[PDB]
Every structure is written in structure tokens, then in C-alpha cells.
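> when you get a sec, could you give me coordinates for this:
(one chain, ligands or ions: 2)
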Amino acid sequence: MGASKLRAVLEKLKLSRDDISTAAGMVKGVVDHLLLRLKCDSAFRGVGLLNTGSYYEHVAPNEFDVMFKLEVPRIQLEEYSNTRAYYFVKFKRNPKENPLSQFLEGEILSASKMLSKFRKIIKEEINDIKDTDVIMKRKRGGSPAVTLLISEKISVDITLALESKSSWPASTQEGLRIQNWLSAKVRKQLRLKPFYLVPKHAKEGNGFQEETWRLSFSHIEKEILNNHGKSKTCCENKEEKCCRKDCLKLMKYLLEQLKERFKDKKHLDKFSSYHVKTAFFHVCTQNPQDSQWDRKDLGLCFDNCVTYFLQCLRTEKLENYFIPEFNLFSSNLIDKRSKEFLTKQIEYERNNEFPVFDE
Ligand SMILES: Nc1nc(=O)c2ncn([C@@H]3O[C@H](CO)[C@@H](O)[C@H]3OP(=O)(O)OC[C@H]3O[C@@H](n4cnc5c(N)ncnc54)[C@H](O)[C@@H]3OP(=O)(O)O)c2[nH]1
Ligand SMILES: [Zn+2]
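Residues are numbered from 1 along each chain as shown. Ligands and ions are numbered 1, 2, ... in the order given. What follows is the structure:
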């Protein structure tokens with residue numbers, strides 16, 4: 001695949017400043033309103049907007065992703081069934097009145113109740129109280145996000161998150177292997193930042209827990225993504241222009257297009273851009289030098305990514321970049337047939353100069 005061809009695709013994928021500014025304006029308004037009103041509850045009084053950038057998320061330009069962080073003080077986690085990613089939330093001391101005490105189902109903080117209250121407050125307040133027309137989508141299966149549709153054209157996913165300024169869980173110890181890439185110093189200062197928790201329940205055979213939370217490091221992902229090169233001046237000049245972000249955009253667009261084409265079937269529904277992002281991070285670990293990401297070698301680099309991703313589909317092994325023992329492509333999460341299907345489609349695309357980019 002020619003580099004100029006891929007860069008022609010990415011060239012034709014760039015959206016105008018107006019289309020971004022308008023939607024960003026509407027979403028900004030709705031988000032500010034929802035936040036200001038969310039602060040009317042004692043539980044969500046300390047709510048706050050988490051800066052994930054709200055951009056570089058969809059390649060779908062009408063889809064946004066905002067995260068509502070909620071500050072919780074000195075929480076104690078309990079790893080559930082050694083899933084390494086899902087935990088129970090407890091509080092060290094509750095003699096002092098706790099805003100979230102209403103959601104306590106014993107000593108364990110109920111995620112489903114918090115999500116229910118959250119979604120209910122939002123559902124009540126979105127009823128045209130603003131000047132914008134907003135509606136709430138149907139409750140998704142096992143999704144922590146509350147999605148809203150604005151003007152029947154804009155999609156906004158709102159995910160509640162508990163912020164813990166404590167040290168990261170032991171399951172993340174062997175994760176974030178960015179030492180040879182972004183230096184151990186940067187890894188150090190990154191792990192000093194807080195970590196988040198989203199209301200995501202874990203699978204227990206033929207049942208669900210609805211009381212567990214999952215680890216989230218979206219802020220860390222944004223940080224390492226926007227500061228990606230080994231050299232501090234990476235992509236700040238003509239001599240040090242790389243193609244990392246370009247590769248990620250291309251991969252995301254590939255998966256997006258394949259999911260779209262095969263929307264009628266349910267094969268590619270379980271695959272998400274996070275699998276792509278994770279694979280990209282692992283390739284970034286494998287190729288730490290900026291010289292391995294030269295722009296003229298785009299077509300090469302991208303291929304590499306593709307190959308690796310396919311491997312992950314073939315071997316059914318995609319470790320979480322922060323939680324190495326958490327496999328995203330386990331047979332328990334995604335069935336073999338779906339990954340074989342996706343493998344087939346991606347292989348077809350790669351072998352035929354990617355006709356799925358032609359749209
Ligand atoms: N908004 C949202 N936040 C979540 O944390 C989340 N977890 C699951 N789901 C949804 O549940 C269904 C089945 O599980 C899927 O439909 C899936 O939707 P999705 O298309 O995946 O959502 C894309 C974003 O959701 C995030 N991400 C998705 N998976 C994970 C994960 N395992 N760990 C941490 N974050 C994850 C990720 O940031 C990625 O970024 P982009 O917006 O750029 O695509 C989530 N949806
Ligand atoms: Zn760069």
C-alpha cells in the first residue's frame with residue numbers, strides 16, 4: 001500500500017474547522033448544563049469534567065466522548081475473582097457523612113445504583129430544558145456510558161468515573177512498558193497521576209455482578225498519545241515528523257469501516273477502537289525509536305500495525321496495555337468465529353489495496 005495513497009485517505013478524512021466548532025459548541029453547551037445541574041445533588045456535588053480532549057476520538061465526526069470524573073477520598077479496592085481489571089469499591093472510614101452512602105449496598109459501593117441515579121438525573125434534565133433538542137438512547141448492554149443525541153445528528157457518550165489519587169493497583173505493576181520508549185522517568189511521573197473507575201460489571205459464567213467497577217486510564221492514553229515520540233521535539237519540525245497518529249487514525253478508520261459494512265451481521269459488534277488503540281500501543285513498545293516511524297515509511301509502519309493486530313486476532317491474545325494479565329481477545333470475551341471473520345476481512349482488505357477506504 002502506497003504511502004501517498006494512505007496519506008491521501010487521511011487527507012480526505014480531515015474535517016473543516018466549522019463542522020468541528022459547531023458540534024463542539026452544541027456538545028459544550030449541553031455538557032455545561034448537565035454539569036451545572038448535576039452539581040445540585042449532594043452525591044454528584046463534586047462532579048467534574050475530565051479532559052480527555054473530547055477530540056481525536058472519532059474519524060463519525062458527530063460522535064463525542066466526555067468523561068465525568070467524581071472525586072472519592074482514600075477508597076479501598078477489592079479485586080474481584082482475580083479479573084485484574086474489575087474491583088469492588090469500599091471506603092476506609094465512614095463516621096463522617098458520605099455523599100455516596102445512599103448507593104452503599106453493605107460495605108461495597110453499588111455501581112448499578114450510582115449509574116441508575118446518574119442516568120435518571122440526566123434523563124430528567126435533557127427533556128428540552130435547554131435551547132437544544134436532546135434525547136437519550138436506549139440502555140446499552142453492559143455499557144457504563146449514557147449516550148445522548150443532539151439535533152438528531154450529534155452523539156455524546158457520558159461516562160461517570162470515580163477518581164482515585166492513590167497509587168495504582170498491583171495489577172498495573174507490569175503494565176505500561178514505556179521504559180525503552182518514553183523513558184522510565186515519564187512512566188514514573190505518569191503513575192503518580194490518579195486512576196479512574198467506570199461502572200462496568202464483570203462476567204461470572206452465565207451471570208453478572210453489577211457491583212464492580214473497572215479501571216480506566218483514558219487520561220494517560222491521551223497524554224502518551226499527544227506526546228508520543230522518544231524525542232521531545234517529535235512532530236514539532238520537518239526533520240522529526242513521524243506517522244504514529246496517522247497509523248492509529250488509519251487503523252481506527254479501517255475497523256470503523258469494516259464494522260459499518262458488516263452492520264447487518266453481529267460479528268464485528270464486539271470489536272472496538274480500544275482493541276485497535278491497545279494493539280497500537282504494543283507496536284509502539286515494539287518500535288520505540290522515532291526512526292522506526294518515519295513518514296516516508298508510513299505504508300510500511302501501518303502494515304506492521306495491521307499484521308500485529310491480525311496476530312492478536314489469530315492468537316486470541318490482546319493484553320491490556322496497563323493491565324498485562326487482562327486479555328481483551330480471550331475466548332471468554334470474544335468468540336473465535338468473530339475474530340476469524342474479522343481476520344478474513346482485514347486480510348482481504350490488505351491484500352486488495354484496501355477498497356474499504358474508497359467511500
Ligand atoms: N463510551 C464508553 N466508555 C467505556 O469505557 C466503555 N466500555 C465498554 N463500552 C462499551 O460497551 C460495549 C461492550 O463492552 C461497547 O459498545 C463498548 O463501546 P466502545 O466502542 O468500546 O467505546 C469506545 C471507547 O470506550 C473506551 N473503552 C472501550 N473499551 C475499553 C476498555 N476495555 N478499557 C478502557 N476503556 C475502554 C475507549 O476509550 C474507547 O475510546 P473511543 O471513543 O475513541 O472509541 C464503553 N463505552
Ligand atoms: Zn511524532
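
> near ligand 1, which residues of this structure?
57, 65, 142-145, 157, 159, 198, 200, 216, 218, 272-274 (C-beta under 6 Å from any ligand atom). Where you see a C-beta, it was placed from the backbone N, CA and C, and this is true even at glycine.

> ok, now with 8 Å
Contact residues (C-beta under 8 Å from any ligand atom) of the chain with ligand 1: 52, 56-58, 63, 65, 67, 85, 140-145, 147, 157, 159, 198, 200, 214-218, 221, 252, 269-270, 272-275, 277, 320, 328.

> since we're on the residue of the stretch 201-350 of the chain found nearest ligand 2, how many residues are nearby?
Using C-beta to the ion, the single residue of the stretch 201-350 of the chain nearest to ligand 2 is residue 242, 3.2 Å away. Using other C-beta atoms under 10 Å, residue 242 is surrounded by 22 other residues.

> same question for the most far-flung residue of the chain relative to its centre, what's its three-state structure.
Most distant from the centre of the chain: residue 95, at 35.9 Å, with distances by C-alpha atoms, centre = their mean. Classification of residue 95 using DSSP: H, G, I helix; E, B strand; the rest coil returns coil.

> and it, how close does it get to residue 291?
Here the criterion is C-beta to C-beta, to the nearest Å. By it, residue 95 lies 58 Å from residue 291.

> same deal with residue 222?
Applying C-beta to C-beta to residue 222 and residue 291 gives a distance of 25 Å.

> just residue 249 next, same as before
From residue 249 to residue 291 the distance is 21 Å (C-beta to C-beta).

> which one's more surrounded, those two?
For the pair residue 249 and residue 291, the greater number of neighbours falls to residue 249 (19 against 12), based on other C-beta under 10 Å.

> where's that one, which helix or strand?
Residue 249 belongs to helix 244-261 when assigned by DSSP states H and E.

> what's the helix or strand for the closest residue to residue 129 other than its chain neighbours?
Leaving aside its chain neighbours, residue 129 sits nearest to residue 33 (7.6 Å; criterion: C-beta to C-beta, 6 or more residues apart in numbering). Element membership for residue 33 (DSSP H and E) is helix 17-38.

> send the alpha carbons of that helix over as CSV?
Presented in CSV, the C-alpha positions along helix 17-38 are these (Å, rounded to 0.1, in the frame of the first residue of the first chain):
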residue,chain,number,x,y,z
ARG,A,17,-13.0,23.9,11.4
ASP,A,18,-16.6,24.9,11.1
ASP,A,19,-18.0,21.4,11.3
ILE,A,20,-15.9,20.7,14.4
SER,A,21,-16.7,24.1,16.0
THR,A,22,-20.4,23.8,15.6
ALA,A,23,-20.8,20.4,17.1
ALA,A,24,-18.2,21.2,19.7
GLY,A,25,-20.3,24.2,20.6
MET,A,26,-23.6,22.2,21.0
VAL,A,27,-21.9,19.5,23.0
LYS,A,28,-20.1,22.1,25.1
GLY,A,29,-23.4,23.7,25.9
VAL,A,30,-25.2,20.5,26.8
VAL,A,31,-22.3,19.3,28.9
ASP,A,32,-22.0,22.5,30.8
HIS,A,33,-25.7,22.5,31.5
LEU,A,34,-25.7,18.8,32.6
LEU,A,35,-22.7,19.5,34.9
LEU,A,36,-24.2,22.6,36.5
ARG,A,37,-27.4,20.7,37.2
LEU,A,38,-25.6,17.5,38.3
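
> give me the buried positions along that helix.
23, 26-27, 30-31, 33-35, 37-38 (16 or more other C-beta atoms under 10 Å).
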